[PDB]
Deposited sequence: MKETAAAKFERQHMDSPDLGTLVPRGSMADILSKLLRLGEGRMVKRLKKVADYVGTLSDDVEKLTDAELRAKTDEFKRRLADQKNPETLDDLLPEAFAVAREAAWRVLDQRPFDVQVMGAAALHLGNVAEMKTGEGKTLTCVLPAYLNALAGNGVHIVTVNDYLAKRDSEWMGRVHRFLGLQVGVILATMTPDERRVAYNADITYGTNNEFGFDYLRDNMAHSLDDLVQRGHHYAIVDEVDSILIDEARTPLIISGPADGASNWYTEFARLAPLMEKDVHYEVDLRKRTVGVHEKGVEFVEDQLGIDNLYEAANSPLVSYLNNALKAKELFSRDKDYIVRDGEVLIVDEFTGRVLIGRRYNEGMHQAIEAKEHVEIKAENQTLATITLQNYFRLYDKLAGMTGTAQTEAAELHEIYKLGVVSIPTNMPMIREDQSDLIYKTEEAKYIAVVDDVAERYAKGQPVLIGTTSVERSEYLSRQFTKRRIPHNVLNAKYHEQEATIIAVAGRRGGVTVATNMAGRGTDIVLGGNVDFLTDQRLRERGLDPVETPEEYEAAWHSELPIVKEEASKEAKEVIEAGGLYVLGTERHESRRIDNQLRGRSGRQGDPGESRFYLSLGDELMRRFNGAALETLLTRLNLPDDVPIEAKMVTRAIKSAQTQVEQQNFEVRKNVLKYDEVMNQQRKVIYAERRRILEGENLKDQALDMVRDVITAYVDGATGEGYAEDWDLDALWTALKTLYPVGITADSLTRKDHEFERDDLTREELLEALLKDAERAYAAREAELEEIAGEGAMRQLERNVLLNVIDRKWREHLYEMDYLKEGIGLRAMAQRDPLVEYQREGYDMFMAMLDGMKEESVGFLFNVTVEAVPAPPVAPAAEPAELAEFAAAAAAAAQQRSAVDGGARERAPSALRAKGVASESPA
């Protein structure tokens, strides 16, 4: 809630107004970013006149200035200086100085927006400035790319600038161990994919020791290719699944024991209150049958809950009345119509209790162990930003889900690509002869062509046609990234013909005459050089190799420009207009001439999903020859409309994935926070004592309600608490909650001192932490297994009278509260009686 008169960088309250007018198309924000970039530009001389050592000393100066409480400075205060330094460093290291528009993009990233910068504007380097600046705070910065090849290349390439400025830079990769990740997350800047960041988030919240955590918070994430990651990939959650590792053998054991026990001798049934109470005689019976002294002595084995469930199974649920058994499944039926309520299961281990009671073999299964959606993962960061060539069409959603604004950064040079209209054909057969014809003409003239398809199979067909017309070309199937980048870096040379299935070679700019940085780096690699493993040698060869590559390139650029620039030829439409435009974008970077054009057909995958075949019937009936392009409003509408439906379907999937994830995101916050407390070694004595109180309170309550006299049930209450803790007073002594509470409170004091007797100095503090973590992990895993089934089956309730999401929340939250209550009372049980 700040002011803004004569502040260069906009602060909070002004920054909002500026984000508002973004969505309204007014573009005042660009005027501002331009003012910032300009200013940074006037600091050029200051840094230009510095020594390499003196430029590197700037980092320590900034840190110093950010810790000064006598003379306070914020990252926002340091932005102009820190940018100027990074900009001059890049120039010295890479031999490329961030353009005025890169500095604009940079400031947008620092302010927490998506900078929309076209293909070829230099997003990779633009990134370095806000990354350097925010790294100074010492909390770490995550840069997200779309695959491992790219995270590795950026971290290694920009890492040179950061390491020069004295920062450490790490990557996380799929192949890396926990130890290796820990080091990478300890760097000042960490590159990686959404897969790696989120899975490490998920693993961390499963870890059984604080030493094993790999990440260190979610401070700032800059998402390269935001639309691919935050929109497209967000349709699908991150899931860790594994063996349910259930209590199958205890279920079986208690289904076996339940019959042997006798009604009203060993246990009581509250016919009315839906409840079973184990008697003194019965507790002994089970104790004897198991060779056991107390029902809570075995770690991770809640025998009380198993027993009670087996008895509830035996007495309160009737086969053919309440459920039936079909093919190894317990299936719940309704009242006295008795129809199979497909999907429903019983709760809190009751279902497994019944399965065992009906001698059903109990299913060894896989289950969810941890999840999060990309949306809720990235929502974790205190600051979020992103870069892409295409974001304005995703703006509303970026703003709703992520609170991310989108700024269109002006292009460095005037964009002059000619983007041609679709050529539409009645059949695939005809489209491809027209495509191959074009390619053949372009190739004769030397103009490099990029052909995009949408399946490997179609790319392979085109490959075969090119081969038969004798046009040499490569096919890139989005399979081997480093390999394919190698081909793409040279795709913009004369005679270039390159087929790219799906968006293959993403992230490697197709620079006319050859991508100069890609190739310099590549020559350096084959000579044994490495930005990280042999940095001095790498840098010194870079400075002499770059100028040579640029020449034998670049005069080649002159020839390609005359040939028309890069020709982009699309073969079908993608699931979105956006992705189509991404392909067009590969041509005409940095002000180059270029042309783009799609060739479509009524027999394309997309059109076949919809009305394409009807249309081709029609046109044949109208006598239009196959090789005549179609220009008709109705067919144009039909193509637009097929793609727009796929877009909308995808949007609704995303929206649904996120809706269902919110329910479980609330729940894991709580659970994950508890696990953290324990892993951190917090003193849990008070929480332990509160649970003890909480459980004894509910028991007393639950047997105390009305009548208000001796006319009550003290025998049920005493025996039930007896297994929970060593009750040390009589129902006789007092012929009440406060009484029972001091006894337990002092029985806990007794138990504590026992643990000093056994393992000494604060050993009760360690028993609490151990018991709770074990209890939370077992109970939460079990809940997850139950929640799997609930997601699935709820769909199967949908009507124009009930919203399925409401129902999933009510039942899913009920389940969660019941889980918490059970977590409490098993904890106090084990706390009192578990073997050490």
From the N-terminus onward, what segments of the deposited sequence lack any C-alpha atom in this model? 1 to 14, 750 to 764, 866 to 922
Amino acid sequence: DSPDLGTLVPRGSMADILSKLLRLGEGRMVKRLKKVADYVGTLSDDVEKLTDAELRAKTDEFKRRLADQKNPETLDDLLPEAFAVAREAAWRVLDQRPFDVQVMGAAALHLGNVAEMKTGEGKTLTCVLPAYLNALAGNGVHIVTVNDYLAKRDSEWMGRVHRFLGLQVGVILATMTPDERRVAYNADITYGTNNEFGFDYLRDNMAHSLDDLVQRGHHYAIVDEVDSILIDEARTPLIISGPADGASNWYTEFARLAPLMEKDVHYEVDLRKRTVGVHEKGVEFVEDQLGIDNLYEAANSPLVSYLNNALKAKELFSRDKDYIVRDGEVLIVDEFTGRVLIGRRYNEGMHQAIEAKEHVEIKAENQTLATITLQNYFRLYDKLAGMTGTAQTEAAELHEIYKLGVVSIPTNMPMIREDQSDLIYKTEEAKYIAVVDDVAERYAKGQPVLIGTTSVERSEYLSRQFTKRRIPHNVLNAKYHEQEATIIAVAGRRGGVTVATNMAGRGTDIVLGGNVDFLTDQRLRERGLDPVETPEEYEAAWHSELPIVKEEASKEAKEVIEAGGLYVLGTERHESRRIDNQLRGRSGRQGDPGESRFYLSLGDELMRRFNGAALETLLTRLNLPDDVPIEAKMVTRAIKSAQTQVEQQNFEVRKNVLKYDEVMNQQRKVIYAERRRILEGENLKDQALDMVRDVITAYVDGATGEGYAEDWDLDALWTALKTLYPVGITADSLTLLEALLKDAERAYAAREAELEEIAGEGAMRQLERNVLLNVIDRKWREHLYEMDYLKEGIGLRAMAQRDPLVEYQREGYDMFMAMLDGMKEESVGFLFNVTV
From here on, numbers count along this sequence of modelled residues.
Stretch with the higher entry mean CA B-factor, where the candidates are 509 to 517 and 71 to 79: 71 to 79
Should the higher mean CA B-factor in the entry be assigned to 723 to 731 or to 680 to 688? 680 to 688
Looking at 205, 408, 186, 366, which has the biggest Cα B factor in the entry? 366
Among 100, 88, 335, 743, highest Cα B-factor in the entry goes to 335
Taking the C-alpha B-factors as the PDB entry records them, is residue 774 in the lowest, middle or highest third of its chain? lowest
Residue 276: CA temperature factor from the record, placed by chain third, in the highest
What third of the chain, by the recorded C-alpha B-factor, contains residue 60? middle
Relative to the other modelled residues of the same chain, rank the CA B-factor of residue 783 and answer lowest, middle or highest third. lowest
Chain thirds of CA B-factor: placement of residue 54: middle
